[PDB]
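The structure appears right after this line, and notes come after that.
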Amino acid sequence: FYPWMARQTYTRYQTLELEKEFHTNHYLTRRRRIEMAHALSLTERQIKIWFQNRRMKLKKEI
Amino acid sequence: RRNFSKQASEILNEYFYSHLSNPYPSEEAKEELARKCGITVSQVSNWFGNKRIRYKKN
DNA sequence: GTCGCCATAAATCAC
DNA sequence: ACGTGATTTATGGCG
C-alpha cells in the first residue's frame with residue numbers, strides 16, 4: 001500500500017587499480033578517468049562514481 | 001561483529017513500525033536512536049536501509 | 001549552465 | 001550454514 005514500497009561487482013584487479021589511483025589523488029580529471037576507463041574495461045561514468053563513493057567512504061572516518 | 005543488544009533492537013523496531021508511511025528518520029532523529037540504542041547513527045542508517053528493503057521482501 | 005555531494009536502493013559480502 | 005549487520009555499485013537531484 002505505502003508508496004515508498006517499490007549492479008555488477010568489480011574484479012580484484014579493477015579495485016586495486018582504483019584504490020592505487022585514489023591513493024595518489026582523491027579527485028580525477030575527466031581526461032584521467034577516460035584513461036583509467038580504457039585501462040580497466042569500465043566506463044568514464046563508472047570511474048567517476050567509484051571515486052564519489054570512495055570519497056564518501058573516506059569521509060565516513062570523521 | 002555482534003548482532004545488536006536486544007534493547008537497541010527494541011528501539012529500532014519500535015520506531016520503524018510506528019512511522020511506517022514514511023520510514024525515513026530525520027538526520028537528527030538518527031542520533032536520537034543512536035544514543036538511545038547505543039549504536040551509531042551509521043548503524044541506524046544501515047538498519048533502516050536493511051529493514052526497509054528486506055521488509056518489502058517479506 | 002557545470003560538478004560534487006549525499007541519502008538511498010539493491011545486490012553482495014561476511015561475521 | 002544462515003541470519004543480519006556491513007559494504008559495494010548506481011541513481012537522482014540538490015546545492
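Letters A, B, ... mirror the listed sequences (proteins, then strands); counts begin at 1. Side-chain atoms are counted along with the backbone in the values below, which use heavy atoms only and exclude waters and symmetry mates.
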Is the distance from OP1 or OP2 of C:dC5 to the nearest side-chain N or O of A:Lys60 less than 4.0 Å?
no
Tell me whether the OP1 or OP2 atom of D:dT8 has a side-chain N or O from A:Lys57 closer than 4.0 Å.
yes
Specify the separation, in whole Å, of atom CG of A:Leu58 and atom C1' of D:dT8.
16 Å
If I take atom CD in residue B:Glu27 and atom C1' in nucleotide C:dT8, what distance separates them, rounded to the nearest angstrom?
11 Å
Kindly point out which of C:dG4, C:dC6, D:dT7 is positioned nearest to the side chain of A:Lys48?
C:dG4
d(CD1, A:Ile49; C1', D:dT11) in whole Å:
7 Å
Taking only side-chain N and O atoms of A:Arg45, does any of them lie within less than 4.0 angstrom of OP1 or OP2 on D:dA10?
no
Is a side-chain donor or acceptor of B:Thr40 paired with a backbone partner of B:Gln43 at a separation under 3.5 angstrom?
no
Residue whose closest nucleotide on DNA chain C lies nearer the 5' end, A:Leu28 versus B:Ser45:
A:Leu28
Can you confirm whether B:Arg1 sits close enough to B:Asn3 that some side-chain heavy atom of one is under 4.5 Å from a side-chain heavy atom of the other?
yes
Nearest of D:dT7, D:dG5, C:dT8 to any side-chain atom of B:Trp47?
D:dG5
Presence of A:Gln52 side-chain N/O under 4.0 Å of C:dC6 phosphate oxygens OP1/OP2:
no
Please classify the nucleic acid contact of B:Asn3 as base, sugar-phosphate, or nothing, using heavy-atom distances under 4.0 Å.
sugar-phosphate
Using a strict cut-off of less than 4.0 Å between a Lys/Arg side-chain nitrogen and an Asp/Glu carboxylate oxygen, indicate whether A:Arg31 and A:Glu35 qualify as a salt bridge.
yes
At under 4.0 Å between heavy atoms, how does the protein contact nucleotides 9-15 of chain C? Give one character per nucleotide, 5' to 3', with B, S or -.
SSBB-BB
With the side chain counted from C-beta on, respond yes when B:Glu10 and B:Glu14 share a heavy-atom pair under 4.5 Å apart, and no when they do not.
no
Distance check needed: D:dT4 P versus B:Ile39 CD1, whole Å only.
15 Å
I want to check a possible cation-pi pair here: A:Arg55 against A:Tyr27, using under 6.0 Å from ring centre and within 45° of the ring axis as the test.
yes
Taken to the nearest whole Å, NZ/B:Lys51 to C1'/D:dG3 is 13 Å
To the nearest Å, how far apart are B:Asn46 CG and D:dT7 P?
7 Å
Mind calculating the distance between CE (A:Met56) and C1' (D:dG13) to the nearest angstrom?
15 Å
C:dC6 OP1/OP2 closer than 4.0 Å to side-chain N/O of A:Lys59
yes
Nearest whole angstrom, please: distance from the P of D:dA10 to the CD1 of A:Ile47.
11 Å
Does the plane of the ring in A:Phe51 sit parallel, tilted or perpendicular to the ring in A:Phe22? Use 30° and 60° as the thresholds.
tilted
Students often mix this up, so state it plainly: with edges at 30° and 60°, are the rings of B:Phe16 and B:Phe48 parallel, tilted or perpendicular?
tilted
